[PDB]
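In the form deposited in one PDB entry, a lone chain appears below as structure tokens.
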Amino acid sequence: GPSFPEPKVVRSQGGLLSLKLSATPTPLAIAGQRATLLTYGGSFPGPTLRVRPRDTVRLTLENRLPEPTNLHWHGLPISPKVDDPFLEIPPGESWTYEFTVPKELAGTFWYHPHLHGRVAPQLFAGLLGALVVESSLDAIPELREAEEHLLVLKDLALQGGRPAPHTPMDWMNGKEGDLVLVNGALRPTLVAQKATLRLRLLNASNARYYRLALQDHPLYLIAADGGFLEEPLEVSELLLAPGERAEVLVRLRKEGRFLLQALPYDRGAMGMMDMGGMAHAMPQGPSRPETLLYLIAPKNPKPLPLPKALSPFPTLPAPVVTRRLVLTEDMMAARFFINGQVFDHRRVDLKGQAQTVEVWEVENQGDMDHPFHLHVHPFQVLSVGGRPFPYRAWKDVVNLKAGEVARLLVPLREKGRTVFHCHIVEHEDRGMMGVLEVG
């Protein structure tokens, strides 16, 4: 096959992407070993769905798992009556999701389970895939002539040929695995044929962070979770928290082999130790560095010029309300809270008005990083930790280090009941989620 493994793509046909997927335990070859994973469409990752604005998606999910499941269309600004976080598909049953892709939309999105209390083991086991919304912007020569690839960043641990079970410490920290994979492959080689690469990046891990850096090269950020920036932004490294996406251009500078690494990063995970009068929690410290893939540049690379502009960011109406959401932890109990409460599906926490804009101040009063996610309503990050964000783009996950406050501009779009929660999915399962109702 191609030196660089990427999930199979399924494209809409005549404006319709009609597809039946099954969620099923699947024997497969993974990183040189045989294992049984839980997959969509018989593969890990699941197939990449590629659509355009205004397309119709008709996706029938058949549940062949021994437990209930459902889908979250992560990042898509569609109705929560379709992207329904409360829906349960029992074992053996099917459900058809049908929606129209919004007209003003572009970027890399993804699908995965969202059945409260069961997300972490289901996602860890292999249930996820990407969804790409193609844009007319993709036709500008600076992008069209680039070599494009999707990189699904997901780690895994195996035990007895199956995903390793969650331990109590996993429910506290969020589970990370020793197999740090790209598109389900172990340190693949990307042999570039063009000097400019366009890479769509997805962190589909439960809890692992990727502090991305390519040896000897900067990255040019061109899209965040939910859409393009206004112009490219040069960065020396790029942190991708669980659930986040980004698109970057890479401008290969000379011939050779360059490592794409996940550099050491301390997200505040904890261990336990006993030193003589102890049995207390202790920081794990930063992750060990990982090589994600080997990038081989072509002969005499002459990269394209960068695009001068991408997509202007919408001018938003003045906000009509300010909200405060405070995140806290009870680590030893593995309980996690928003404004002092755990999730209750029957309780509405915030009531907002469709087509108004709100300011949300999300404050992390815990010691761990928490990546905060809001369904249905993409947001503009104004600042984090008192630092203004260096670009305007739509995001749907924002990472908060210990103590940091994120200020978000949140236009409320589709009416209905939806959720916001930490995207360390173990924390969501353990209570760190709330309910927003838009009317």
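One rule holds for the numbers: they count along the sequence shown, beginning at 1. Under this definition, the rigid core comprises the largest set of C-alpha atoms superposing within 1.5 Å between the forms. Residues that one form lacks are left out of the comparison.
Keep in mind that the form deposited in another entry is not shown, yet the notes after this line are about it.
Picking from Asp344, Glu255, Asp178, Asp274, which residue has its CA shift by 2 Å or more between the shown form and the other one, once the rigid core of the two forms is superposed? Comparing both forms, the shifted residue turns out to be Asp274.
Pairwise C-alpha change, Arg288 versus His280, in that other deposited form against this form - closer or farther, 3 angstroms or more: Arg288 and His280 sit closer together in that other deposited form.
Regarding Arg288 and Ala281, go with closer or farther for their CA spacing in that other deposited form versus this form, the difference being 3 Å or more. It is closer: the C-alpha separation of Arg288 and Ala281 falls by at least 3 Å in that other deposited form.
Once the rigid core is superposed, list every run of three or more consecutive common residues with all C-alpha shifts of 2 angstroms or more between the shown form and the other one, in sequence order. Three-plus residue runs displaced between the shown form and the other one: 1 to 3, 274 to 281.
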